Amino acid sequence: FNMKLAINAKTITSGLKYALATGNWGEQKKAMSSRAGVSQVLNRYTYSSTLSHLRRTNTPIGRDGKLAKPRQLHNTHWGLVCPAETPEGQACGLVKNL
Amino acid sequence: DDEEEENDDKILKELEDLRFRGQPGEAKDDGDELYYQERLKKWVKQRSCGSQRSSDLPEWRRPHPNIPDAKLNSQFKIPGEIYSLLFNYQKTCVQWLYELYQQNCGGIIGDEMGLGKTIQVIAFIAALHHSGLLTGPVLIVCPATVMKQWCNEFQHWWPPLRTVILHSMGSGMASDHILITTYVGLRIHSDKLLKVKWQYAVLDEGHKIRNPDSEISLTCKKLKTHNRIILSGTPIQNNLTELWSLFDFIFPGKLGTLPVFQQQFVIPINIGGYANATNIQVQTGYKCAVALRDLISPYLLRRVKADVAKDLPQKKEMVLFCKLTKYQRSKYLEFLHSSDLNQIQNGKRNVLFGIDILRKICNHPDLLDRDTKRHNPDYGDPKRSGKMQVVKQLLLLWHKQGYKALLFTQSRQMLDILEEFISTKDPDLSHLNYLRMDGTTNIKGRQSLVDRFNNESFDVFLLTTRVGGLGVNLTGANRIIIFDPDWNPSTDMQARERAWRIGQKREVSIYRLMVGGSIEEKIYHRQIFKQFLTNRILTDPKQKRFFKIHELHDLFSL
Amino acid sequence: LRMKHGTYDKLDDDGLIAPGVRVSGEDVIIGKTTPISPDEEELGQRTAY
Amino acid sequence: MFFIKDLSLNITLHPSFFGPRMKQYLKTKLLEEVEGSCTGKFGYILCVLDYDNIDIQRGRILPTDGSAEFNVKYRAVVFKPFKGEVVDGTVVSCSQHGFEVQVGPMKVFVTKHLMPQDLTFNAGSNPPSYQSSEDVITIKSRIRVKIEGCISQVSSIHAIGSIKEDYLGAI
Amino acid sequence: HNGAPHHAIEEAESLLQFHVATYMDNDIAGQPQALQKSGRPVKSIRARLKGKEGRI
RNA sequence: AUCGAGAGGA
DNA sequence: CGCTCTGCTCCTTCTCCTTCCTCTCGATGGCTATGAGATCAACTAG
DNA sequence: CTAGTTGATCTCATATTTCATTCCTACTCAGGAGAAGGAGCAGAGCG
């Protein structure tokens with residue numbers, strides 16, 4: 001066992017490295033249960049971009065692309081997420097900043 | 001016989017066209033086919049019409065006008081003169097061939113090399129032709145170098161027999177009895193030839209049809225005749241499926257199909273290697289495989305050389321051992337650590353052929369690359385391989401002792417590296433005169449080199465295991481070294497038997513270089529287990545010695 | 001083989017450009033080669049490497 | 001067999017060649033490209049008729065190219081053979097390898113098996129001739145040929161023949 | 001060729017049919033999404049010739 | 001090079 | 001008036017479906033493979 | 001024209017009988033609209 005476990009220590013190491021490097025939060029098998037985009041390259045265009053990236057969120061629900069009441073500025077968001085900082089395009093209202 | 005339509009010829013004279021210069025080639029091919037069918041221009045020399053087949057027959061009629069000893073002198077159901085000429089176990093062999101002929105199913109015969117596999121069957125064929133009044137046809141298959149032999153014995157003992165060579169012959173089926181061909185020739189002639197239904201079909205190199213899936217074995221199988229026989233040079237060497245294929249060719253209906261055999265007729269746990277309900281190890285697998293061996297014994301013959309050839313000086317199983325150098329050990333560990341990409345990558349230079357990388361590290365770490373020319377000026381370097389040092393020591397000892405040494409090597413790259421080493425790298429070995437051989441050597445040159453070795457003034461004869469069959473006679477050898485595990489045990493037997501032909505009065509010491517703790521020892525263990533399986537299926541001893549395959553199979557990978 | 005159309009005259013013996021050199025266009029900044037096949041002695045008869 | 005058939009060939013014409021002399025150039029180009037041509041559809045193009053009265057319609061400019069493509073209509077004389085058909089050809093040569101005859105633009109061919117069984121080759125005759133049977137066939141004589149096959153080459157059309165029967169003898 | 005049992009021949013026929021079908025169209029509204037060794041669905045000819053960026 | 005993913009822009 | 005038939009209605013399955021441009025990061029690694037032996041062709045010379 | 005020699009290519013090949021196993025692990029995260037196909041039913045004509 002002393003070395004049989006060490007054979008699969010690469011399992012832990014490479015699994016964590018894959019999950020964080022690629023963003024596919026699964027086991028790296030077939031994008032199974034993948035949440036591609038969980039981990040992103042830290043933006044460093046300027047200081048404000050870095051700070052905003054480090055304080056960002058994401059709603060997987062809207063990835064389906066549905067057009068309905070969600071991805072709107074609910075008023076329970078008062079004082080918890082920025083009412084103005086939200087991207088354009090598909091992610092408007094699904095990406096929110098604390 | 002040029003039957004080409006003259007219409008196209010006079011059209012060509014009307015307007016010649018050089019673009020159809022391949023049409024002459026097609027016509028040559030068609031003429032060759034028509035030769036093999038019913039014609040021949042200059043191929044009478046290949047034991048065909050114009051030879052003893054239909055021309056020199058009178059040379060034998062005066063001594064016996066179509067009435068040989070099988071008919072005139074001591075006439076019986078069998079010949080009388082040949083039997084007197086025949087030796088012990090040969091008359092019995094022909095008698096059992098006669099029994100099998102009455103059985104009208106087939107058979108398989110073979111004795112230890114040098115005991116006359118080629119003989120004892122020509123006599124039986126002649127007996128059937130004359131005493132048995134067998135009109136034929138009779139078929140033989142073997143390599144051309146052995147086809148010339150078969151023809152020589154045929155024309156020597158039994159001139160009246162009509163035998164011919166299916167290499168570059170003609171007429172054949174167009175004329176009347178016996179036909180000899182090559183296995184590759186058999187593949188080429190997938191035409192009606194397979195439908196001839198050769199009454200007496202006999203295959204010489206049964207070892208060449210061991211694999212059921214091999215094209216040679218299946219091609220022979222399609223040619224079904226009431227009496228099909230195999231003269232395998234050696235019995236089972238790799239798997240019992242080989243014996244299944246042989247028996248199916250000779251005795252299809254007397255044994256089960258491939259499944260029945262593999263799931264049941266398999267000495268390993270398949271048949272109950274622990275038939276006594278003992279450890280899953282294959283140590284008590286008897287009364288089931290032994291039953292199959294006893295069932296097949298009424299269909300196989302075997303004479304041990306010791307039976308009549310007791311004049312065989314001592315053999316030596318001296319397994320040398322080597323030490324892996326620090327450079328070699330470092331590269332070995334590096335590969336082992338980096339080998340696991342898919343952990344087998346379907347082999348492909350990791351396990352199945354990563355064994356090749358390990359072997360290259362063991363033997364020629366200095367020139368471990370396809371682009372050896374970049375390192376050739378400074379390499380090989382024996383300092384990186386202690387096996388080379390051991391070889392140098394043994395060769396120098398045998399040179400000072402004046403022993404003709406045989407060296408058996410792996411793929412020709414290692415051969416050339418060793419040649420360069422001995423010739424230039426070490427002046428000590430340069431003083432020794434040496435000889436060379438490879439698979440690319442010409443047949444005439446191969447025979448010349450063999451003759452030189454048998455009476456050589458040289459010291460070292462570097463040889464490759466695979467080249468040449470059992471016919472290569474190297475009785476002049478006085479010492480033997482095996483450079484690495486030569487895979488199939490049959491190859492090892494052939495290599496150690498290069499010196500051991502009929503003769504070889506001077507004792508020969510056989511050595512096998514080995515690296516302690518390396519995968520080579522594991523390969524040797526696998527070969528030992530293969531030999532144990534061969535012994536079990538051949539003699540059925542109560543051998544409890546059994547390497548623990550249940551874990552050693554995976555251990556042997558690396 | 002197929003050595004790029006840019007300028008190699010700006011590289012050093014290390015296969016790198018010394019800092020302070022003015023590089024423009026498709027000039028080569030890192031010089032790296034693959035001593036790989038074809039492993040043919042015919043090529044040795046031709047250009048050695 | 002000789003017969004007259006209609007023809008319709010498409011001619012492209014480079015714009016630089018457009019001009020008052022266009023019709024003459026069209027006629028020249030077609031007559032040089034067609035007269036004596038070999039075709040498997042129509043054998044040999046022997047003669048183009050009504051050279052004065054030629055209906056060229058008149059053609060169209062290619063979409064992305066200024067060149068003009070013309071479909072010129074014709075009545076033309078052509079010759080083709082038929083299997084089973086008898087031709088009164090003129091001999092050209094004789095040989096033990098076979099016998100061949102000329103028919104206008106085509107050369108008929110006769111096989112060893114298509115001469116009379118009694119008509120063997122006499123190489124000793126000068127010129128070589130089929131003197132075996134009562135009907136002597138010489139190289140410069142004339143003979144009827146019984147066609148049993150058409151041989152097609154891109155550069156020429158050929159055919160086979162037979163002289164077995166009496167009515168197929170020398171003329 | 002070797003006179004294999006009925007069920008083995010049936011299985012081989014089904015496997016060949018499945019591979020051919022996936023080759024022409026690797027989306028059959030069924031469970032067996034044929035996929036490559038690397039873990040990516042095979043790009044059938046239908047997939048190449050279908051949809052935006054789809055050869056038409 | 002390929003494919004996949006993410007970021008953003010009109 | 002019971003039988004049968006049939007179209008008519010309704011209710012589940014059962015698929016199949018959304019301009020253009022530019023960056024960067026990374027994960028694929030390649031799905032066949034012994035050399036020998038034997039045959040064929042290609043070069044060569046009389 | 002052709003027989004000889006030699007380079008070149010084609011097929012050979014088979015595994016060796018085998019450990020051995022877990023099992024298969026599930027959250028996030030579609031649904032929307034339309035065709036299709038069956039299933040039931042009720043009445044109308046029959047016997």
# chains A, B, ... in the order shown; residues from 1 in each chain; ligands from 1
call {"tool": "residues_around", "arguments": {"residues": "range 16-31 of chain C", "least_positions_apart": "5", "cutoff": "12 Å", "atoms": "only C-alpha atoms (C1' of nucleotides)", "output": "list in words"}}
result
residues 3, 4, 5, 6, 7, 8, 9, 10 and 11 of chain C
call {"tool": "residues_around", "arguments": {"residues": "residue 34 in chain H", "least_positions_apart": "4", "cutoff": "12 Å", "atoms": "only C-alpha atoms (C1' of nucleotides)", "output": "PyMOL selection string"}}
result
chain G and resi 14-17
call {"tool": "write_last_selection", "arguments": {"atoms": "C-alpha atoms (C1' of nucleotides)", "output": "mmCIF file, in the first residue's frame"}}
result
data_model
loop_
_atom_site.group_PDB
_atom_site.id
_atom_site.type_symbol
_atom_site.label_atom_id
_atom_site.label_comp_id
_atom_site.auth_asym_id
_atom_site.auth_seq_id
_atom_site.Cartn_x
_atom_site.Cartn_y
_atom_site.Cartn_z
ATOM 1 C "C1'" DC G 14 -41.390 11.541 -29.736
ATOM 2 C "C1'" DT G 15 -38.505 14.280 -32.060
ATOM 3 C "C1'" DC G 16 -36.588 18.998 -33.467
ATOM 4 C "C1'" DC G 17 -35.743 23.415 -33.464
#
call {"tool": "atom_distance", "arguments": {"atom1": "CA of residue 24 in chain E", "atom2": "CA of residue 46 in chain E"}}
result
6.2 Å
call {"tool": "residues_around", "arguments": {"residues": "residue 6 in chain F", "least_positions_apart": "3", "cutoff": "9 Å", "atoms": "only C-alpha atoms (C1' of nucleotides)", "output": "ChimeraX atom specification"}}
result
/A:23,36-37,40-41 /G:24-25
call {"tool": "write_last_selection", "arguments": {"atoms": "N, CA, C and O atoms (P, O5', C5', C4', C3', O3' and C1' of nucleotides)", "output": "short mmCIF file (atom, residue, chain, number, x, y, z; two decimals), in the first residue's frame"}}
result
data_model
loop_
_atom_site.label_atom_id
_atom_site.label_comp_id
_atom_site.auth_asym_id
_atom_site.auth_seq_id
_atom_site.Cartn_x
_atom_site.Cartn_y
_atom_site.Cartn_z
N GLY A 23 -11.38 24.75 -16.49
CA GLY A 23 -12.67 25.27 -16.12
C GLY A 23 -13.79 24.24 -16.16
O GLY A 23 -14.83 24.47 -15.54
N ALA A 36 -18.19 24.26 -17.69
CA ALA A 36 -17.14 25.02 -18.35
C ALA A 36 -17.29 26.51 -18.07
O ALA A 36 -18.37 27.08 -18.24
N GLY A 37 -16.20 27.12 -17.62
CA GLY A 37 -16.22 28.51 -17.21
C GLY A 37 -16.28 28.75 -15.72
O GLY A 37 -16.44 29.90 -15.30
N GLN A 40 -11.66 30.90 -14.57
CA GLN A 40 -11.29 31.75 -15.69
C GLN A 40 -9.94 32.39 -15.42
O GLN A 40 -9.53 32.55 -14.27
N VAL A 41 -9.24 32.75 -16.50
CA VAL A 41 -7.95 33.41 -16.35
C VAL A 41 -8.17 34.78 -15.74
O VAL A 41 -8.99 35.57 -16.23
P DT G 24 -3.46 36.55 -28.22
"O5'" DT G 24 -4.03 35.81 -26.93
"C5'" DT G 24 -4.46 36.57 -25.82
"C4'" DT G 24 -4.91 35.66 -24.70
"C3'" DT G 24 -3.99 34.48 -24.44
"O3'" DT G 24 -4.00 34.15 -23.07
"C1'" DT G 24 -6.09 33.69 -25.16
P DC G 25 -2.80 33.29 -22.44
"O5'" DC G 25 -3.48 31.90 -22.10
"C5'" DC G 25 -4.59 31.86 -21.23
"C4'" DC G 25 -5.19 30.47 -21.18
"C3'" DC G 25 -4.18 29.32 -21.24
"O3'" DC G 25 -4.53 28.32 -20.30
"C1'" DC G 25 -5.81 29.03 -22.88
#
call {"tool": "residues_around", "arguments": {"residues": "range 544-553 of chain B", "least_positions_apart": "2", "cutoff": "10 Å", "atoms": "only C-alpha atoms (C1' of nucleotides)", "output": "ChimeraX atom specification"}}
result
/B:280-285,522,525-526,528-529,532-533,541-542,555-558 /H:18-19
call {"tool": "write_last_selection", "arguments": {"atoms": "C-alpha atoms (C1' of nucleotides)", "output": "mmCIF file, in the first residue's frame"}}
result
data_model
loop_
_atom_site.group_PDB
_atom_site.id
_atom_site.type_symbol
_atom_site.label_atom_id
_atom_site.label_comp_id
_atom_site.auth_asym_id
_atom_site.auth_seq_id
_atom_site.Cartn_x
_atom_site.Cartn_y
_atom_site.Cartn_z
ATOM 1 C CA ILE B 280 -5.670 -21.958 -8.558
ATOM 2 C CA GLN B 281 -2.034 -22.308 -9.640
ATOM 3 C CA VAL B 282 -1.609 -24.797 -12.480
ATOM 4 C CA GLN B 283 0.126 -27.617 -10.601
ATOM 5 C CA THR B 284 -2.530 -30.341 -10.241
ATOM 6 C CA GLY B 285 -4.118 -29.999 -13.681
ATOM 7 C CA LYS B 522 11.033 -12.315 -16.397
ATOM 8 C CA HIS B 525 10.716 -17.226 -16.677
ATOM 9 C CA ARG B 526 7.874 -16.940 -19.191
ATOM 10 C CA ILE B 528 10.452 -21.634 -18.803
ATOM 11 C CA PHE B 529 6.710 -21.778 -18.161
ATOM 12 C CA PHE B 532 6.792 -26.630 -18.763
ATOM 13 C CA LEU B 533 3.501 -26.473 -20.669
ATOM 14 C CA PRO B 541 4.804 -35.372 -15.755
ATOM 15 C CA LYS B 542 3.564 -34.654 -12.246
ATOM 16 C CA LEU B 555 4.972 -8.384 -13.028
ATOM 17 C CA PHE B 556 6.663 -9.530 -16.248
ATOM 18 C CA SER B 557 5.316 -6.438 -18.018
ATOM 19 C CA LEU B 558 7.906 -4.275 -16.236
ATOM 20 C "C1'" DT H 18 -5.712 -14.063 -18.989
ATOM 21 C "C1'" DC H 19 -6.416 -10.430 -12.891
#
call {"tool": "atom_distance", "arguments": {"atom1": "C1' of residue 2 in chain G", "atom2": "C1' of residue 46 in chain H"}}
result
10.1 Å
call {"tool": "closest_atom_pairs", "arguments": {"of": "chain B", "to": "chain C", "cutoff": "8 Å", "atoms": "only C-alpha atoms", "output": "tab-separated table"}}
result
residue	atom	partner	partner_atom	distance
B:370	CA	C:39	CA	7.0
B:371	CA	C:39	CA	5.6
B:373	CA	C:41	CA	7.9
